[PDB]
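Number of protein chains: 2
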Amino acid sequence: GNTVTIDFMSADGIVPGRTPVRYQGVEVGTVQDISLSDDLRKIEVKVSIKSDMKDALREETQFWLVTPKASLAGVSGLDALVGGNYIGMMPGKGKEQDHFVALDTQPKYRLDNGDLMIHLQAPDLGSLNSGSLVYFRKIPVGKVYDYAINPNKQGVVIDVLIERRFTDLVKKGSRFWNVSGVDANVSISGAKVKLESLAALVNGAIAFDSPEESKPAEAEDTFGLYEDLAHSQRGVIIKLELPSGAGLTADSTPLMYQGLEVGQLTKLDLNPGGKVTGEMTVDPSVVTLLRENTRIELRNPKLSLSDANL
Amino acid sequence: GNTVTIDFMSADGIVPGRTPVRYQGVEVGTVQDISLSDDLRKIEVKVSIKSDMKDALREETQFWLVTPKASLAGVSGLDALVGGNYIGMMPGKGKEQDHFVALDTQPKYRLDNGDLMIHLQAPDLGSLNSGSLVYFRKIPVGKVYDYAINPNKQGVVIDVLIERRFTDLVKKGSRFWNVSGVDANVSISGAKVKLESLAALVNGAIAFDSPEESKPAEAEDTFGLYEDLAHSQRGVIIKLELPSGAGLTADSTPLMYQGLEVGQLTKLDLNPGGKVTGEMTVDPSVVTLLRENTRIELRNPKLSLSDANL
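Chains as they are written, first to last, in the authors' numbering: chain A, 46 to 355; chain B, 46 to 355.
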């Protein structure tokens, strides 16, 4: 077979003879040996590519080191029980190059298998990582490919890869929400905690929905990752100038209509002039009741010793 | 290859033929055999360095013993399931030395790969250790290199190693806060516990932020590790001479402004003259309201059987 020299910054995890160099699953090359440079400043790894894939290491062939994703077995010790840290390779355009520089992260998604790659803006990564599942009706239809930091450092961008036979689900009006960790709630007569998804509890997950009247999403389309299922709920956003938010909370303050909750507070700000404004998301079923002469009244719970409404 | 004799204080974990002697990942030497000294007082380990790295063991080449970091798999027994305890080596300046003394800890960070090394002062280590991750937007961008005790014994100094492609994040006005363990909170109608980061729960973590108007941090720059995300919040620190702190707590005592919390007590001391002074951090949005004729009033919650404000 052939032979090539890659330049790594740290030969940790790479062992000669064992570590493979695979392209989209199939093993291709094998690490021959690791050796320090003359100045002992960069690591030169020798790889033995197959004698048939001599046209893949042309000029732009990128090599990088992968990891077993560290899913509850790498964090809790157990080093010699997971993964092999292979060397991912992506073929290039054209040259006779035989000395490469290892990339510090895997490149963009250049493949084309009819499966979607969409982007999700987020304020932060949450408890996601490469390998977190994307769900539709709690059916796994994709996975988090990789995440990057937004150029303006204001958020992160996650890359979700929806598998081929499910690309009809991602409509242009879909909504992705984070389902991660545990949501143990406690109240009085109602301190009920239910947990069903285990993988979401370990390495997080995303979920999405699909309206039935919007066009299918194209590749590299951008959505926004909501914090939870509740924050993703549709409904009209109305603005309130409320007197002073005292018992009000940014969420969990309902808009009751005949005892049925038909909305919630979603924003509770403090304007410069001392005025406390807010924003409330209203169920689309009662938007027809938001007219000129419709009041929205703060109401306090009375004792009412008759019923006492505990 | 060559051959050298290192002087260890305890040959525990070192096994002949198996334990390697690696420099920044790449295996170089191999432990030939362990033998006691003539007086049976110090351990002489024989190492077989490669025949090409004969200019690395010059005079100042430092050798030390490493460990698999004891992450939930070394503490819970499981001895023969993690790590190999290799011998780290750092090349020296110049001589023909062939008999070394093992260092009891790894030396300073002398490398230069364009990646940052910053220092974090702390009152104590917290639940951190070599290998705890440093996060930006919950994206791992670094790791705790090693920790030392401050010369004056008053605190500890942690050494954080921010990777190369992320050094633009650490601004000179950044703020690092400890994210470690679990923060299970319980209240009445609100006893909500959420956990997302698993590695932070096991072996702790640090997180930091990045202002958009300060210069990038240089190497060996010093920051202060805050206790949590809350203690790191920016805002102006005002001083109060309060009458007697009775219902006040060092934290979790808000400064309400029209029902919206715009500050908190952060310090609650007792001066010698019997005067109880305090310090309160105020949201930078209401600093313009801190003028000469602005009062700050203690207020107790009334029954108010109408609403009762539970």
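Positions of the beta carbon are idealized from the N, C-alpha and C atoms, including for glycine.
{"Check": "Any chance the segment 293-311 of chain B sits against the segment 252-266 of chain B, with 3 or more Cβ pairs inside 8 Å?", "Outcome": "no"}
{"Check": "Relative to chain B, which residues along the segment 106-139 of chain A have a C-beta separation below 8 Å, given in chain order?", "Outcome": "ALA115, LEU117, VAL120, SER121, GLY122, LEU123, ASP124, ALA125, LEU126"}
{"Check": "In this structure, how does DSSP classify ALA167 of chain B when only helix, strand and coil are distinguished?", "Outcome": "strand"}
{"Check": "So if I threshold CB-CB distances at 7 Å, which residues from the segment 138-169 of chain B count as touching chain A?", "Outcome": "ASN158"}
{"Check": "Sort out for me which residues DSSP pairs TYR68 of chain B with in a bridge.", "Outcome": "B:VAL71"}
{"Check": "Quick one: using the 10 Å Cβ neighbour count with 16 as the cut-off for buried, is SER82 of chain B buried or exposed?", "Outcome": "exposed"}
{"Check": "Taking the CB atoms as reference points, tell me whether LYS188 of chain B and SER177 of chain B lie closer together than 8 Å.", "Outcome": "yes"}
{"Check": "Which of the residues in the segment 302-315 of chain B, read from start to end, lie with their CB under 8 Å from any CB of chain A?", "Outcome": "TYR302, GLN303, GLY304, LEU305, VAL307"}
{"Check": "Within 8 Å of any Cβ in chain B, is that where the Cβ of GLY171 of chain A sits?", "Outcome": "yes"}
{"Check": "Taking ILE233 of chain B as the reference, which of A:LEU355, A:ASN223, A:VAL127 has the closest Cα?", "Outcome": "A:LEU355"}
{"Check": "Using C-beta distances below 6 Å, list every residue in its chain close to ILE194 of chain B, excluding the 5 sequence neighbours before and after it, in chain order.", "Outcome": "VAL201"}
{"Check": "Return the residues of the segment 182-198 of chain B that lie within a Cβ-Cβ distance of less than 7 Å from chain E, sorted by chain order.", "Outcome": "Absent from the structure: chain E. Protein chains present are A and B."}
{"Check": "Within 10 angstroms of the Cβ of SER225 of chain B, are there 16 or more other Cβ atoms? Answer buried if so, exposed if not.", "Outcome": "buried"}
{"Check": "For chain A, check one thing: does any of its Cβ atoms lie closer than 8 Å to the Cβ of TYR271 of chain B?", "Outcome": "no"}
{"Check": "So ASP352 of chain B contacts chain A; which residues on that side make the cut at Cβ distance below 9 Å?", "Outcome": "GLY292, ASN345, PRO346, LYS347"}
{"Check": "So within the segment 245-330 of chain A, which uninterrupted beta strand (DSSP E) runs reach at least 3 residues, ignoring any that extend past its ends?", "Outcome": "250-253, 267-271, 281-287, 299-302, 305-313, 321-327"}
{"Check": "Using the C-alpha atoms, what's the distance from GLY128 of chain A back to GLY58 of chain A?", "Outcome": "10 Å"}
{"Check": "Go ahead and pull the three-state DSSP assignment for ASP124 of chain A.", "Outcome": "helix"}
{"Check": "Buried or exposed, going by whether 16 or more other CB atoms sit within 10 Å of the CB of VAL49 of chain A?", "Outcome": "buried"}
{"Check": "If you count every other CB in all the chains shown that lies within 10 Å of the CB of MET54 of chain B, and 16 or more means buried, which is it?", "Outcome": "exposed"}
{"Check": "Determine, using beta carbons only, whether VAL215 of chain B comes closer than 8 Å to chain A.", "Outcome": "no"}
{"Check": "Run the CB neighbour count on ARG344 of chain B, radius 10 Å, all protein chains shown included, and call it buried at 16 or more, exposed below.", "Outcome": "exposed"}
{"Check": "Once you ignore the five residues that flank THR294 of chain B on each side, which residues in its own chain have a CB closer than 8 Å to its CB?", "Outcome": "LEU310, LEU313"}
{"Check": "Using a Cβ-Cβ distance cut-off of 8 Å, determine whether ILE203 of chain B contacts chain A.", "Outcome": "no"}
{"Check": "Considering only residues of the same chain and omitting the five flanking positions on each side of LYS217 of chain B, which have a CB-CB separation below 6 Å?", "Outcome": "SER259, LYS260, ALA262"}
{"Check": "Suppose the cutoff is 6 Å on Cβ atoms and the five residues either side in sequence are ignored; what does the same chain contact list for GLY159 of chain B look like?", "Outcome": "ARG209"}
{"Check": "Among A:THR322, A:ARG86, A:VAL111, A:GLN166, which has the Cα closest to the Cα of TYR68 of chain A?", "Outcome": "A:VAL111"}
{"Check": "Buried or exposed: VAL332 of chain B, going by 16 or more other Cβ atoms within 10 Å of its Cβ?", "Outcome": "exposed"}
{"Check": "I need the DSSP call for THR333 of chain B, collapsed to helix, strand or coil.", "Outcome": "helix"}
{"Check": "In chain B, what lies closer than 9 Å to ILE207 of chain A by C-beta?", "Outcome": "Those within 9 Å of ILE207 of chain A in chain B number zero; the least Cβ separation is about 22 Å."}
{"Check": "Around the C-beta of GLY122 of chain A, are 16 or more other C-beta atoms found within 10 angstroms, so that it is buried, or is it exposed?", "Outcome": "buried"}
{"Check": "Between the alpha carbons of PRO256 of chain B and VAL179 of chain B, how many angstroms are there, rounded?", "Outcome": "17 Å"}
{"Check": "Evaluate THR326 of chain B with the Cβ neighbour count: other Cβ atoms within 10 Å of its Cβ, from every protein chain shown; 16 or more gives buried, anything less gives exposed.", "Outcome": "buried"}
{"Check": "Less than 8 Å between C-beta atoms, sequence neighbours within five positions excluded: which residues of the same chain meet that for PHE181 of chain A?", "Outcome": "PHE211, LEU214, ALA252, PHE253, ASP254, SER255"}
{"Check": "Using 10 angstroms around the beta-carbon of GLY290 of chain A, count the other beta-carbons present and answer buried if the total reaches 16, otherwise exposed.", "Outcome": "buried"}
{"Check": "Ignore the nearest five residues each way along the sequence and tell me which others in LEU240 of chain B's own chain have a CB closer than 7 Å to its CB.", "Outcome": "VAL227, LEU246"}
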